[PDB]
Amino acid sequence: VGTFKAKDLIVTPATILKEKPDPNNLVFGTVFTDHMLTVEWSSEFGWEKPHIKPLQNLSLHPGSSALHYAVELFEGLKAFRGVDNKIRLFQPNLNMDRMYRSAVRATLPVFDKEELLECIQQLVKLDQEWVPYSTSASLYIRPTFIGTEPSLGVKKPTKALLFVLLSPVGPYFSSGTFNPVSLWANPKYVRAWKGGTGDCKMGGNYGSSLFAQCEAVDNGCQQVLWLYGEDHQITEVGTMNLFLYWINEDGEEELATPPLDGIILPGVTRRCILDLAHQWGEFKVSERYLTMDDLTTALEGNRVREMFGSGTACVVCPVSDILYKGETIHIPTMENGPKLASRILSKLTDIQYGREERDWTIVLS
């Protein structure tokens, strides 16, 4: 085992620069910056030197295991141009931890988390003018890791490529204010199972979700509510972690989210919201199982305050409605402020854009 080193970076700047888009007219993940990071690996020689070079097509053997047996994983973290014009990463160390653990589970080769993070900072620094001049826009960082073994054998790869893409993204919604979401709840589809890879950011987990999201849009919903088990546990809202703020069965004010039992992605936003909630010490915080019966029973009892999704995508996305067994079920999130959702959004946004300081942000090299 070894690692590529940031001190060995070979930088090939681009001679022609692309036009930056209007920060307002940004469609998520459609526009790419001038430069990418690439690092080759072989079982024979280990990691090659890391390269920052102009964005280009990858030349892959059509046998590459990434295209056949989804021998791939990715990450999603953001760079934010603060109110003081200082560019900040947000909990990037957690994204590096999660990516290392995903590589091990994918049988892709391990790397030094610190060396990758430093390589990423160099790339963001070179293309720093892509980090949008807007307090509601950001730069998406897409670390990607693929098996390039030119062999149809189902096996641990002996060649691989780790690359990083940068994409400027506008606010999750046109305005930037809350546009509450409708969820499609069909237990017929399942995102992840116990003993699967649901708790890793591996490409395989997402391919099977598209047909379901298409079926959500057909029934006039924005996202899928992923249900697990005989008693229909609410797990995740699309590609976001699920939070329920309510009066629990014991009459206690509670923030509830499904536990990490292997079918839940340990989101960085999920980690931050739980940390904040524990820290505030104002109500009970419970990593616990939630069913549609628990929710509908609490709704008839006027015990539900707010339900919202959390991820790098939206930060905090309130839920107004769930479509389940052919009826629309209203969640009174927007009727109750949404007081907690608003508070969380303010705190994370204030940190991301350096309106306050915290350990969760690192200023760019």
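Take the two forms, superpose them, and find the largest set of C-alpha atoms that agree within 1.5 Å; that set is the rigid core. One-based numbering along the sequence shown.
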property	result
Between stretches 165-173 and 193-201, more displaced by Cα RMS in 6 other deposited structures of this protein (rigid core superposition)	165-173
Between 214-222 and 117-125, the one whose CA atoms sit farther away in 6 other deposited structures of this protein (rigid core aligned)	214-222
Between 141-149 and 181-189 (mean CA B-factor, as deposited), the higher	181-189
Given 212-220 and 161-169, the range whose Cα B-factors average higher in the PDB entry	212-220
Residue of maximum C-alpha B factor among 310, 65, 302, 59, per deposited coordinates	302
Selection from 72, 75, 261, 84 [criterion: highest C-alpha temperature factor in the record]	84
Residue 332, C-alpha B-factor rank within chain (lowest, middle or highest third)	middle
Lowest, middle or highest third - CA B-factor, residue 280	highest
Position of residue 203 among the chain's modelled residues by C-alpha B-factor, lowest, middle or highest third	lowest
Chain third (lowest, middle, highest) by recorded CA B-factor, residue given as residue 118	middle
Ranked against its chain, the third holding the CA B-factor of residue 270	lowest
